[PDB]
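First comes one chain, alone, set out as structure tokens in the form deposited without the ligand.
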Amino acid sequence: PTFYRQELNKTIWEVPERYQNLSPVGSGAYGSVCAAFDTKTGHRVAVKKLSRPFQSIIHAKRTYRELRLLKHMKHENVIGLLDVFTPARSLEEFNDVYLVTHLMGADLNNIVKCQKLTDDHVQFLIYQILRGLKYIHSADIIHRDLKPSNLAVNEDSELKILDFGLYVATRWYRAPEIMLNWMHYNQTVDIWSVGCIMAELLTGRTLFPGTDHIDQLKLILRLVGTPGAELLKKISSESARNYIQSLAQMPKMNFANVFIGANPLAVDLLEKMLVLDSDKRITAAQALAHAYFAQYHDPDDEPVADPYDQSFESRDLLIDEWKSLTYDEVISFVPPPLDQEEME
């Protein structure tokens, strides 16, 4: 293919002539993104140019990790790949990686900001998050930083999870075990985040808008109640345990008294997601069966993922080895069919 060059976000992009009318739509993890028109299919796409993908061993393995992950993700509520390209003609010239996915116009913050969402609409949005999480969790992939800005949404409220499995970030949606560096955690860290997101969609305001990690913890404990000693088991730092143990004891609030006017089924689901005991937190697959989603739930259309080989994560390789592995993954990529779905 013929490539052309265009300066976007103060840097040269070099893209196949197939992709036209590039225009910037913001940064993503380790890269920046442009909307484009795919002249082969007439579809709108988003093209991410990775930032300095092989500048260091950190960047190089992160590039490989992201390409491997995105090549594996094949789910309607998870960002996956339509294309991956490089202007390089050989491994020796290889220094740039571009990832292509279907264009999504907004993030979840664009949906709830200026709109009082109906409960039926909130159900649909949360249902889609949970369907995507069931899929990624089934491949032993955790998001760990799920939040509205990591949920891409289009003009019909269809949603996809992105930046999973990988500047001052919001911590308002992070699971307590992540935010506070507890020693062990499971996939349900992401379910805490869903509870935080769902709460905000129902009330129109942030559930735990803490100014720092201690203020955020205090806000969390005010809702869910002081935890037992067994939860201290998870916290390495004695200073942190002593502090938490020293706090005045707070009762758990009845969520029906907090989310006044909400669908009682929404309140019940929130009670099952927003628990400190991550081993008692509802899983994505269990949440999909909850009656709150009755009008959307369809077990035939809530698939799991093919097994995902993450053995590379434990390996230290040289930069050029990660670069060569990445090049191999670029060259071996097989574009999916344009239409991969059939009537039920």
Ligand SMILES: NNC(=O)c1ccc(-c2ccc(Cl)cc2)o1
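One-based numbering along the sequence shown.
As for the form solved in complex with the ligand, it is not shown, yet the points below apply to it.
Asker: If we take the ligand as it sits in the deposited bound form and superpose the C-alphas round its site onto this chain, is the site open or blocked, where blocked means 3 or more ligand atoms come within 2.4 Å of a backbone or C-beta atom?
Answerer: Site status: blocked.
Asker: Thinking of 194, 284 and 288 as the candidate spot, does the ligand come within 4.5 Å of a heavy atom on all of them in the deposited bound form?
Answerer: Spot residues vs the ligand: no contact at all.
Asker: Should residue 279 be classed as touching the ligand in the deposited bound form when contacts are defined as heavy atoms within 4.5 Å?
Answerer: Contact check for residue 279: yes, within 4.5 Å of the ligand in the deposited bound form.
Asker: Please tell me whether any heavy atom belonging to residue 183 falls inside 4.5 Å of a heavy atom of the ligand, as the geometry stands in the deposited bound form.
Answerer: Although the ligand is absent here, residue 183 would touch it in the deposited bound form, with heavy atoms inside 4.5 Å.
Asker: Pull the contact list for 186 to 215: residues with a heavy atom within 4.5 Å of the ligand in the deposited bound form, in sequence order.
Answerer: None of them.
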